[PDB]
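Residue numbers (PDB author numbering), protein chains in the order written: chain C, 72 to 294; chain Y, 21 to 59; chain B, 4 to 538; chain A, 212 to 264.
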Amino acid sequence: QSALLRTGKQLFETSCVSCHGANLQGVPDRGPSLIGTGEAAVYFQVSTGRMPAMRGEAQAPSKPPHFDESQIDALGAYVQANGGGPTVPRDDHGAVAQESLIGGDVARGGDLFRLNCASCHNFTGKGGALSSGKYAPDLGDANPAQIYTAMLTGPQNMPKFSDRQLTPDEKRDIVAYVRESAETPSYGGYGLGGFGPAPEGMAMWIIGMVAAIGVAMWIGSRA
Amino acid sequence: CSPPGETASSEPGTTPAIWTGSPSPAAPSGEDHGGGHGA
Amino acid sequence: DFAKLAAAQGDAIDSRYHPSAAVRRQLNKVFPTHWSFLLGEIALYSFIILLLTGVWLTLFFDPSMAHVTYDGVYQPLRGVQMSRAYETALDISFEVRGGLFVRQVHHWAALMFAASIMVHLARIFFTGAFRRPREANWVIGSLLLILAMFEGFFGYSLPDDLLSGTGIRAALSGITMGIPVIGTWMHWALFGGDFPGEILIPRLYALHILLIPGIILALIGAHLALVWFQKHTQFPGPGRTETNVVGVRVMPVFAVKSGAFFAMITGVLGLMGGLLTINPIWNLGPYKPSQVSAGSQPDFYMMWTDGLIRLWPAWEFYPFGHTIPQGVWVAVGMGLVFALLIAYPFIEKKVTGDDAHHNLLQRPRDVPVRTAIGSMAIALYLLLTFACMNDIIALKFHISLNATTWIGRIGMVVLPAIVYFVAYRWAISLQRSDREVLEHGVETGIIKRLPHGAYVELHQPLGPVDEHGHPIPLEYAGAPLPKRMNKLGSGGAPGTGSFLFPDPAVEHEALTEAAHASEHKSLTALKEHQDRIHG
Amino acid sequence: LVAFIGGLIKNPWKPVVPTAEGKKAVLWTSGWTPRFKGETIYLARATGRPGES
Ligand SMILES: CC(C)=CCC/C(C)=C/CC/C(C)=C\CC/C(C)=C/CC/C(C)=C/CC/C(C)=C/CC/C(C)=C\CC/C(C)=C/CC/C(C)=C/CC1=C(C)C(=O)c2ccccc2C1=O
Ligand SMILES: CCCCCCCCCCCCCCCC(=O)O[C@H](COC(=O)CCCCCCC[C@@H](C)CCCCCCCCC)COP(=O)(O)O[C@H]1[C@H](O)[C@H](O)[C@H](O)[C@@H](O)[C@@H]1O
Ligand SMILES: CCCCCCCCCCCCCCCC(=O)O[C@H](COC(=O)CCCCCCC[C@@H](C)CCCCCCCCC)COP(=O)(O)O[C@H]1[C@H](O)[C@H](O)[C@H](O)[C@@H](O)[C@@H]1O
Ligand SMILES: CCCCCCCCCCCCCCCC(=O)O[C@H](COC(=O)CCCCCCC[C@@H](C)CCCCCCCCC)COP(=O)(O)O[C@H]1[C@H](O)[C@H](O)[C@H](O)[C@@H](O)[C@@H]1O
Ligand code: HEM
């Protein structure tokens, strides 16, 4: 719909053209180019909230979303009409598909998440550190369509795991893993983060060892 | 110390010529004759 | 038939053997009741847990590297190639009834073990429990710490979950190859092949059930024998001279509180083995050498090691056709610190001149440079650890990762100097804070002077007083002097009744008069013993 | 003592793996090395499928 493209243009003019130049270009050393990134890229970068941003820093972090689903389709179709690239997967309603993306396998998703990317984040999808200030974020507060469009067009410092690098079966399979690894409870106690031994150490000292020394000073006297 | 085998930018390489891969003398313990049958 | 049979079996035991001499020598042995003298017992009392869980973990764990598809119950690992160590560790986690709990309380007992060893080393360091008579006890305890650290590292690497498989790749195979002359040789002797050499995990299982815990049990046996026969040390106090141990005897009191403290250490380990996840190897993967985490951090008692890898600033050497890599340095460095941690009592026996048989402890404020060298070592450990979770610190506490490893890389050079300055002068000011509680009294609320306007703090003296506003100033004796009249007998008589309802007043009078007379009898007997020592 | 240790001491520089030059040791040899001459060593990904291709 052309009125939807116009709505995307009206939201485009009054949020970003200080850093995208209003011809969908890149304002040099203030905000990069934007054509070719596409509706999938704009869905992940505004549906998470990140790109209607406020400073150019180590990496632009997560935030509350600056537009809603009635307007992300407008903004992403506007950037795809000006440019053109990956598109967000949509179900039989025309809306953004978020539940039909969980694939039928998890163990293949476990091995593929673990090989291809869990170097950067974590095993269950907690965050991980990156080089100069930038960091991987947690995958717990991640809409499955945002996970698919996160790996589909890689925003900041992550490789864009393309439609041909990972097949959509594999990408549905990875988002089946992470929406049932950051959602399944920690089997057998409190989950001290997701990454193991450093929270287990710090919760050995102040929970276990401080209680042990407190028992040891209640039992023995002092002199 | 810095390792000795680094840091030499010549003209940045010819593009690698298409891999005309040689056949395999790992399989070669076998000679394909006319065939095997009864007759 | 309950006391008569006890007498009959006791006369039978005294008939067969002749034990009662060398039993009365045992259950009249006195251990002092200072609280810190229980700390090393935690390192004992969790270690027995490490057997009582660990034996249970031996008869379900199958070490191998034969690559099996899972085909079990855990759904995110099905049809995936895994070593059979990881497969039967998954079977300990999910098949057997109460299996995840026993392996978790086993890992938490390992953490309380290798942490209480460090707490107890802090005790016997800063209290000075390592000079002349007990320096071999320090040496075998230090070796026991080394074996604890290496054996726990063999422990959580024993399933090859890849969070610890990359720990074997970093520590046990990058540093082992990175040793100059005989490095590759001891690597290929330790593994029998490449890094996933098929006889690594069973060799760690062999070293980790018996071969290192046999040496650990032998050193704990000889260690508690050195603590037992050679008498325990004590802080100096009222009736505490150099050649006696005051405290409670073994049989009525110390056995009860020692067994109860074993039970409460087991209670803390059980509560935190149930309520807190540890090493979730199903969330982790099977070790495949092409996939990592982001954390990739070891267990905390060894986080000072590869944190020292994370902070040593990439200094490699290249001799004539060879290579010394970075990993030589920490292979020197772990060989450095241990050679300072084993051989410390001989070091300060050379430096100070302590050629005397010391049995009384020294309070850690009374020895400021040794407490300050110790706090250098404590804060250097805390730095090398707190820049080994470098990754997840820079993750959560939003810092540049390069910035926090530079913070560590400068911190290991300047923060021991800062903490040496603060520790030395803080020990001296803790001395001066309880060397003015003798020249003055103990501080309380303020009275004004009557005819003029003054404000005196109304000090309460500890020793004999003179005829005027100052007492006879006592001498120091290595004791913790009380700095609150609170901790003296002041206002310490609440209602004895209940938490809700009072007891009748004659019962309150009887209880507080009897408890006051018993405390008076305690200090009277201890004071007359102190006068019997000198008089 | 050498009967204890002699079962452990392997030579890392015994030529084990077949290579295009001949038999090289294991540290100078990944699986990226050619076995006889220029052979097609495909840079294949690992689609993490349980077993089939
Ligand atoms: C006592 C001292 C070590 C002197 C020894 C002599 C010295 C000269 C030998 C050379 C050592 C020097 C050269 C290098 C340092 C390397 C270091 C010592 C490695 C050896 C291992 C071992 C001996 C470490 C030291 C002992 C250890 C730090 C004592 C614990 C600290 C104190 C005194 C115990 C009470 C603390 C208890 C009440 C809990 C309080 C809570 C605080 C926040 C715990 C701090 C803390 C710790 C300590 C962690 O290990 C940790 C690990 C992972 C996550 C978090 C934490 C964490 O928060
Ligand atoms: C009594 C009867 C017996 C009942 C059993 C009791 C034992 C507890 C286990 C029972 C199941 C509960 C575990 C839940 C399952 C679980 O794992 O717990 C998560 C961890 O989350 C959090 O931290 C938030 C929790 C905050 C609560 C307070 C924190 C605990 C403190 C006290 C721990 C102390 C540690 C030492 C401090 C160090 C001192 C420093 C000076 C919380 O899950 P959730 O909040 O919903 O979502 C996750 C996202 O947190 C997560 O970022 C996301 O990534 C996903 O994981 C998502 O699932
Ligand atoms: C429990 C409380 C603990 C409190 C500790 C508080 C910490 C003290 C002060 C720390 C100051 C940190 C300033 C760091 C700010 C920063 O980011 O600088 C970076 C690197 O700086 C640095 O780390 C140097 C600073 C080092 C600090 C000195 C250490 C002091 C010791 C004493 C503190 C240790 C405390 C440890 C506590 C452990 C417990 C002990 C009991 C530059 O690298 P980077 O950002 O990655 O690269 C750049 C591109 O990003 C950028 O675009 C481009 O423009 C270029 O600039 C490029 O280079
Ligand atoms: C704990 C005490 C530590 C004392 C260490 C010093 C004592 C060394 C005594 C050993 C002397 C040599 C014993 C016989 C060995 C020999 O003949 O040496 C041949 C070629 O080496 C050589 O000349 C070089 C010999 C120089 C020794 C270098 C290694 C020294 C130390 C530092 C290595 C660490 C070992 C202990 C740590 C490991 C910890 C384990 C928990 C191997 O050619 P290879 O072709 O691989 O033959 C294989 C059969 O050996 C092999 O058993 C058989 O398994 C087959 O694999 C076969 O291939
Ligand atoms: C000396 C003190 C010991 C320490 C510090 C220690 C430490 C550890 C640690 C940290 C683990 C990993 C647990 C996990 O995360 O799953 C482990 C596993 C294991 N422990 Fe020990 N251990 C000790 C003694 C023992 C003993 C004496 C035995 C047996 C008699 C034993 C049997 C086992 C077995 C079979 C495993 C592997 C099974 C598994 O990890 O699931 N351990 N140990």
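Cβ coordinates follow ideal geometry from the N, Cα and C atoms, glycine included.
Report task. Would you mind reading off the limits of the beta strand (DSSP E) that contains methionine 85 (chain B)? Result -> Working through the third sequence from its first residue, we reach residue 85 (chain B) at position 82. 84 to 86 is the span of the beta strand (DSSP E), which, as asked, contains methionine 85 (chain B).
Can you determine whether any heavy atom of ligand 3 sits closer than 6 Å to the C-beta of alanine 375 (chain B), and answer yes or no?
Position 372 of the third sequence, counting from 1, holds the residue named residue 375 (chain B). No; taking the cut-off as 6 Å, the Cβ of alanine 375 (chain B) has no heavy atom of ligand 3 nearer than that.
Which chain B residues sit within Cβ distance under 8 Å of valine 213 (chain A)? In the fourth sequence, the residue the question calls residue 213 (chain A) occupies position 2. Residues of chain B passing the Cβ test: none, with the nearest at roughly 13 Å.
Stretch pair the stretch 190 to 206 of chain C + the stretch 221 to 239 of chain C: three plus CB contacts closer than 8 Å:
yes
By the 8 Å beta-carbon criterion, what residues does the stretch 295 to 309 of chain B contribute toward chain A? none
Taking all protein chains shown into account, do 16 or more other C-beta atoms lie within 10 angstroms of the C-beta of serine 89 (chain C), making it buried, or fewer, making it exposed?
-> By 1-based counting over the first sequence, the position of residue 89 (chain C) is 18. Exposed, since its Cβ has fewer than 16 Cβ neighbours within 10 Å.
Closer than 6 Å to a non-hydrogen atom of ligand 1 - does that hold for the CB of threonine 388 (chain B)? Translated into positions along the third sequence, residue 388 (chain B) becomes position 385. Yes, since a heavy atom of ligand 1 falls inside the 6 Å radius drawn around the Cβ of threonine 388 (chain B).
Item to complete: Thinking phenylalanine 63 (chain B) and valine 99 (chain B) are a contact (beta carbons under 8 Å), I'd like their distance in whole angstroms, please.
Response: Here the question's residue 63 (chain B) lines up with position 60 in the third sequence. Here the question's residue 99 (chain B) lines up with position 96 in the third sequence. So it is a contact: roughly 6 Å between Cβ atoms.
Checklist line | chain C contact for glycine 259 (chain A) (CB, 7 Å cutoff) | finding: Start at 1 with the first residue of the fourth sequence, and residue 259 (chain A) comes out as number 48. Taking Cβ atoms only, chain C reaches closer than 7 Å to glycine 259 (chain A), which makes this a yes.
Beta-carbon separation of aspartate 163 (chain B) and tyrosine 290 (chain B) under 7 Å?
Within the third sequence, the letter at position 160 stands for residue 163 (chain B). Within the third sequence, the letter at position 287 stands for residue 290 (chain B). In this structure, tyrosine 290 (chain B) lies closer than 7 Å to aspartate 163 (chain B) by Cβ.
Taking a cut of 7 Å between CB atoms, which residues from the stretch 220 to 249 of chain A lie near chain Y?
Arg246, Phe247, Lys248 and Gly249
**In DSSP terms, what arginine 161 (chain C) is bridged to** = The residue given as residue 161 (chain C) occupies position 90 in the first sequence. Answer by DSSP bridge pairing, in chain order: C:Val167.
### Given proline 316 (chain B) as reference, the closest of B:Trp332, B:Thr187 and B:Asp302 once Cα atoms are compared
Taking the first residue of the third sequence as position 1, residue 316 (chain B) is located at position 313. Checking every option, the nearest Cα to that of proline 316 (chain B) belongs to B:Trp332.
Q.
Along the chain, where does the alpha helix (DSSP H) containing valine 333 (chain B) start, and where does it finish?
A. The residue you call residue 333 (chain B) lines up with position 330 of the third sequence. Counting along the chain, the alpha helix (DSSP H) containing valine 333 (chain B) begins and ends at 330 to 344.
For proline 157 (chain C), decide whether its Cβ has a neighbour in chain B, counting only Cβ atoms nearer than 7 Å.
The sequence position of residue 157 (chain C) within the first sequence is 86, counting from 1. It does not: the Cβ of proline 157 (chain C) has no partner Cβ on chain B nearer than 7 Å.
Review point. So what does DSSP say about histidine 235 (chain B), is it helix, strand or coil?
Key: The residue you call residue 235 (chain B) lines up with position 232 of the third sequence. Coil.
| Does the beta carbon of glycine 272 (chain C) sit closer than 7 Å to a beta carbon anywhere in chain B? | Indexing the first sequence from 1 puts residue 272 (chain C) at position 201. Closer than 7 Å to some Cβ of chain B, the Cβ of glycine 272 (chain C) qualifies, so yes.
Legend entry - Alpha-carbon to alpha-carbon, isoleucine 536 (chain B) and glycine 411 (chain B): Residue numbering aside, residue 411 (chain B) sits at position 408 when the third sequence is read from its first letter. Residue numbering aside, residue 536 (chain B) sits at position 533 when the third sequence is read from its first letter. Their backbone Cα atoms lie some 53 Å apart in a straight line.
**Prompt:** What residues from chain A crowd round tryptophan 188 (chain B), counting only those whose CB sits closer than 9 Å?
**Reply:** Your numbering for residue 188 (chain B) matches position 185 in the third sequence. Within chain A, the residues near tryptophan 188 (chain B) are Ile220, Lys221, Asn222 and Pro223.
Applying a beta-carbon distance threshold of less than 7 Å, which residues of chain Y neighbour residue 553 (chain B)? Nothing about residue 553 (chain B) can be read from this structure; chain B reaches only from 4 to 538.
**Item:** 7 Å Cβ cutoff met for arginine 185 (chain C) and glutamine 233 (chain B)
**Value:** Within the first sequence, residue 185 (chain C) is the residue found at index 114, counting from 1. Within the third sequence, residue 233 (chain B) is the residue found at index 230, counting from 1. No. Outside cutoff.
Worksheet item: To the nearest angstrom, how far is it from the Cα of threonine 224 (chain C) to the Cα of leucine 404 (chain B)?
Response: To locate residue 224 (chain C), count along the first sequence from 1; it is residue 153. To locate residue 404 (chain B), count along the third sequence from 1; it is residue 401. If I take the Cα positions, the gap works out to 25 Å.
| message | I'd like to know whether the C-beta of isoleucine 290 (chain C) is nearer than 7 Å to at least one C-beta of chain B. | response | The sequence position of residue 290 (chain C) within the first sequence is 219, counting from 1. At least one chain B Cβ lies under 7 Å of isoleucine 290 (chain C).
Self-check item: Residue environment, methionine 125 (chain C), which counts as buried when at least 16 other CB atoms sit within 10 Å
Solution: Numbered from 1 along the first sequence, position 54 holds the residue referred to as residue 125 (chain C). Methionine 125 (chain C) comes out exposed.
(message) Counting only Cβ-Cβ distances shorter than 9 Å, please list the residues of the stretch 168 to 185 of chain C near chain A, keeping chain order.
(response) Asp176, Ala178, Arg179, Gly180, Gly181, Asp182, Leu183, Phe184 and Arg185
- Message: Would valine 271 (chain B) and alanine 282 (chain C) qualify as a contact pair, given that the criterion is a beta-carbon distance under 7 Å?
- Response: Residue mapping note: residue 271 (chain B) aligns to position 268 of the third sequence, counting from 1. Residue mapping note: residue 282 (chain C) aligns to position 211 of the first sequence, counting from 1. A contact, by the Cβ cut-off of 7 Å.
Contacts around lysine 205 (chain C), its chain only, beta-carbon distance under 6 Å, and the 5 residues preceding and following it disregarded: Taking the first sequence and counting its residues from 1, one reaches residue 205 (chain C) at position 134. Excluding residues within five positions, the ones whose Cβ falls inside 6 Å are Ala129, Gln130 and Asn228.
Report task. Spell out whether any CB of chain A is found under 7 Å from the CB atom of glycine 55 (chain Y). Result -> Locating residue 55 (chain Y) in the second sequence gives position 35, where the first residue counts as 1. No, its Cβ sits nowhere closer than 7 Å to a Cβ of chain A.
*Is the Cβ of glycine 217 (chain A) closer than 7 Å to any Cβ of chain B?*
For the purposes of this step, residue 217 (chain A) is taken as the residue at position 6 of the fourth sequence. Not closer than 7 Å to any Cβ of chain B, the Cβ of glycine 217 (chain A) fails to qualify, so no.
At what residues does the beta strand (DSSP E) containing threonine 72 (chain B) begin and finish? Taking the first residue of the third sequence as 1, we reach residue 72 (chain B) at position 69. Where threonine 72 (chain B) is concerned, the enclosing beta strand (DSSP E) stretches over 70 to 72.
inquiry  = Which residue marks the beginning of the alpha helix (DSSP H) containing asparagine 153 (chain C), and which one marks its end?
reply    = Position 82 of the first sequence holds residue 153 (chain C). Element bounds for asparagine 153 (chain C): 140 to 153.
Nearest neighbour of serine 378 (chain B), chosen from B:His443, B:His70, B:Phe50 and B:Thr130 [CA to CA]: On the third sequence, residue 378 (chain B) is found 375 positions in, with the first residue counted as 1. For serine 378 (chain B), the nearest C-alpha among the options comes from B:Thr130.
Q) Near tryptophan 243 (chain A), what residues of its chain come up, given a Cβ to Cβ distance below 7 Å and the 5 sequence neighbours on each side ignored? A) Numbered from its first residue, the fourth sequence carries residue 243 (chain A) at position 32. Correct list, in chain order: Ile252.
Out of A:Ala214, A:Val228, A:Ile220 and A:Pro245, which has the shortest C-alpha to C-alpha gap to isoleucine 185 (chain B)? For this step, residue 185 (chain B) is matched to residue 182 along the third sequence. The residue with the shortest Cα to Cα distance from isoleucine 185 (chain B) is A:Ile220.
C-beta contact flag for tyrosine 77 (chain B) and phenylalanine 104 (chain B) at 7 Å
In the third sequence, the residue the question calls residue 77 (chain B) occupies position 74. In the third sequence, the residue the question calls residue 104 (chain B) occupies position 101. Against a cut-off of 7 Å, the Cβ pair of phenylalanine 104 (chain B) and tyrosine 77 (chain B) comes out as no contact.
#### Entry: Spatial distance of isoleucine 182 (chain B) from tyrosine 208 (chain B) (CA atoms)
The residue you call residue 182 (chain B) lines up with position 179 of the third sequence. The residue you call residue 208 (chain B) lines up with position 205 of the third sequence. Cα to Cα, the separation comes out at about 25 Å.
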